[PDB]
Structure formats: structure tokens, C-alpha cells
Amino acid sequence: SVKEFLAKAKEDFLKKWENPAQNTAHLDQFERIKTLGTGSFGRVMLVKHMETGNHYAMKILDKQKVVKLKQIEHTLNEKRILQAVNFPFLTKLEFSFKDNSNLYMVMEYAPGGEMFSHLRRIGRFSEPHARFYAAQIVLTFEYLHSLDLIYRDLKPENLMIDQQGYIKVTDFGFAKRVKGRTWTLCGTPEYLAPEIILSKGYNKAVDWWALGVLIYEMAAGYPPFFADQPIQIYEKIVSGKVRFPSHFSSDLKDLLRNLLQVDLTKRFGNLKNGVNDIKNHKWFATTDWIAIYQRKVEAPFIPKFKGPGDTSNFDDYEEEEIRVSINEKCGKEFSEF
Amino acid sequence: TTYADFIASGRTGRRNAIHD
Ligand SMILES: N[C@@H](c1ccccc1)c1ccc(-c2ncnc3[nH]cnc23)cc1
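Protein chains in written order, with the entry's author numbering: chain A, 14 to 350; chain I, 5 to 24.
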């Protein structure tokens, strides 16, 4: 059963949570190939592990930049959580380490690129296409939430497509293990629940709201709340009104009304029956949840492949150096990393 | 159209996280 699987998953997780792996490789064991993404919150690089020739995605954070952004605790969260999890639609840490300058997290490489890239190019996904991805998110959240983890940054930019067309939920920079309410203003404007915008204490229900935004954007091709500036976006989100495209099915509209629900007592995922309100909704009627988890379902789209370590599904970013100071930076701040 | 309005907007690229 589901409850049995999750019980065992939690036991596996907690052992790694209470005794995190630390300093399990070194930069010089990897060959840097290409920058896969970059921004103020660090970068992800394709690297080759020398001893095996395996390819990995390596997230690199500059410790000093982390400190300036006040993301020390959040970064320790990300590493501590990712080294402890194990799930078909997550990329756990294979290795992690740090040097004088940077923090490194090495995980499975997904060569199909960001969902964001394909969604924008293709324009929108068909409902069955959207549903295939949504299913994997539903299961991943069921997993994370059962471990008391809140994810807090669902978006196409943080969803990677693997060689078989399945998804990896990446970017755990705002992920937190919390049993009660929490208060941090974080996320991405288009995906923020009303609770967050209005500076209330919130819980894992914000992830289920975020799922509503994702499913909408996947099926529509644009988000349900968009504008040129974040402030105009927040006004729309709190307003309590959403418009659906005429091509949206009845079932899709109804699922979304129940996900994009300002009222926490009625928002799907949050209620007495939990995730089963979502799993048992008419829109997911054709969804074989075990087949999704088992990866037996045929993906409606598979990315173009041309070999191992191919990067054609990713954009091109300017390659910056990986600089390592001769002096140790922020040692005490990141001692547990 | 809503699509036209989205595509003409300044937020069709990769969206950054926010924070305090
Ligand atoms: N969301 C991006 C990104 C942009 C700037 C900084 C950090 C992250 C992104 C996330 C993950 C990957 C990634 N690609 C491939 N394989 C992976 N495994 C784990 N993450 C990835 C690529 C870009």
C-alpha cells in the first residue's frame, strides 16, 4: 500500500537526515563540460566523473554570494535534504563537497533539458501531456510532504526532462523540513500562494497551490496570473479570480478551481482526505499511479538524443571560471555542509 | 488574445526566485 511504502521511505530518509553524508568527493575528480544554468542563486554544470566516466549535474554555489543573499540556512537545508531523499522523480546527491570558495552538489544528469524550454517552444502541452507530468509532481509531493518537507519553488524552470521523458523535480534551495507553520517569503511570483503574499504562517498547502499554477501553465501555455511586474501579479493572485482558456476541459477547470483555492479549508491536498482528493479527481481517472511511479507509462514526448553528455536540449550560457581562493571563506557558516 | 498579451509581456523568459 501507499502508507506502507511511505513508512519505509521515512525510515530510510530519517537515518540519512540525522547522519548526513559529507565531503564525499573533490572538484579535481570531475571534468567540467558545460554550464546548464546560471543566476544569482548559483549555477548547474554538466561534469564527467573521471574514475567511471559517468556524467552528472553539478550545482555550484559561491559561499560569499550565498551569505550576501542570506541563504545560508536555506543552502544547508537543500544539501541536507537532497542527500537524504530517494525517489524516481528526484535527483538525490551522489556526492557533495566544499572548498575555500564554493559548495558543490553532484546529482544525476537529466539530458532532456528544462520543461520550461519545451513548453515555451511548443507553446502549450495537450491535457494528456500535462497530466503525465502533473502525476509525477503529485507523487513527488506526496513523498516529500510525508517526510515533513515543503518544496516551495515549483515551476517549469525547475523541472528537468530525462532520457525517457519523465521529470526530475530539482532546485531545493527553498526546501525545508518543518512540522508546523513557516513564514519565509520565498518562491517565484507567478507561483506564490495567497498566504505567502499576505505574510501569513503557511504550510505544505502552498505546494498544492503551486501545482495548480503549473498545470494551468502547462495546459494553457501561460500562467493564470501574469503581468509585467511582480506587484501586478500579486494583486491578481489575491483577487480571487482566474480565467480558463475555452479549450480547457470541464474536469481540468474543476481540478484547478480546487487547487487554486484561496480558502485553505477547501484547497485540494490540504483537506482531511489529503492527496487522494487529487489522485481520485476525474481528470486523473486515466492515470495509473503505480505505472507512473514504476515508469511503465509511455511518455507523450521524448527529448531528442544524439549521444552521452549531449547538451543540445539546454541553452548556451557564458562559461565562467570555477575560482577557488587560497583563503577559506565562510568556514563556520557552512561547517555542517 | 491572452496568448498575445503573454508573449508581448516581459515575463516569458526564465523567472527568478524572490526573497526578503
Ligand atoms: N533551474 C536551473 C538553474 C538555473 C540557475 C541556477 C541553478 C539552477 C537548472 C536546474 C537544474 C538543472 C539540471 N540539469 C540537468 N540535470 C540535472 N540534475 C539536477 N539538476 C539538473 C539545470 C538547470
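We put the beta carbon where it would ideally sit given N, CA and C, even for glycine.
Among the residues facing chain I, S259(A) is not included, as its CB has no counterpart in that chain under 8 angstroms away.
The beta-bridge partner set that DSSP reports for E121(A) consists of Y69(A). For the segment 158–181 of chain A, the set of residues with a beta-carbon nearer than 8 angstroms to any beta-carbon of chain I comprises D166, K168 and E170, in chain order.
In this structure, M173(A) has its beta carbon less than 7 angstroms from a heavy atom of ligand 1. Among the CB atoms of chain A, one or more fall inside 8 angstroms of the CB of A21(I). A148(A) and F138(A) have their C-alpha atoms spaced approximately 14 angstroms apart.
Taking 8 angstroms as the CB threshold, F185(A) stays off the interface with chain I. Per DSSP, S13(I) lies in no alpha helix (DSSP H) segment and is marked neither H nor E. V57(A) carries a strand assignment under DSSP once its states are collapsed to helix, strand and coil. In the same chain as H39(A), and ignoring 5 residues on each side of it, the C-beta atoms closer than 7 angstroms to its own belong to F110, in chain order. Annotation for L59(A): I46, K47, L49, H68, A70, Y122, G322 and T324 place their beta carbon closer than 7 angstroms to its own, counting only its chain and skipping 5 residues before and after. Within the model, the alpha-carbon separation for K78(A) versus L116(A) is close to 11 angstroms. Separation of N271(A) and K285(A) (C-alpha to C-alpha, rounded to the nearest whole angstrom) is 14 angstroms.
A residue is called buried when at least 16 other Cβ atoms come within 10 angstroms of its Cβ; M231(A) meets this threshold and is buried.
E17(A): member of the alpha helix (DSSP H) spanning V15 to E31, first to last residue. Residues of the segment 319–341 of chain A with a C-beta less than 7 angstroms from any C-beta of chain I: none at all. Assignment of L205(A) by DSSP, reduced to helix, strand and coil, places it in the coil class. Within chain I, the C-beta atoms nearer than 8 angstroms to that of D241(A) come from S13, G14 and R15, in chain order.
For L265(A), same chain residues with a beta-carbon under 7 angstroms away, outside a window of 5 residues either side, are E140, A232 and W296 in chain order. Contacts with chain I (Cβ-Cβ distance below 9 angstroms) from the segment 32–54 of chain A involve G50, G52, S53 and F54, listed in chain order. For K292(A), same chain residues with a beta-carbon under 7 angstroms away, outside a window of 5 residues either side, are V151 and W302 in chain order. From the beta-carbon of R133(A), the residues of chain I found nearer than 8 angstroms are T16. By the Cβ test, the segment 122–135 of chain A is not in contact with the segment 208–226 of chain A, since fewer than three Cβ pairs between them sit closer than 8 angstroms. Pairing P313(A) with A218(A), the inter-Cα distance amounts to about 29 angstroms. In this structure, the alpha-carbon of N36(A) lies about 25 angstroms from that of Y164(A). Taking 8 angstroms as the threshold, the shortest C-beta distance from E91(A) to chain I does not fall below it. Taking a C-beta distance under 8 angstroms as the contact criterion, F187(A) and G178(A) do not qualify as a contact pair.
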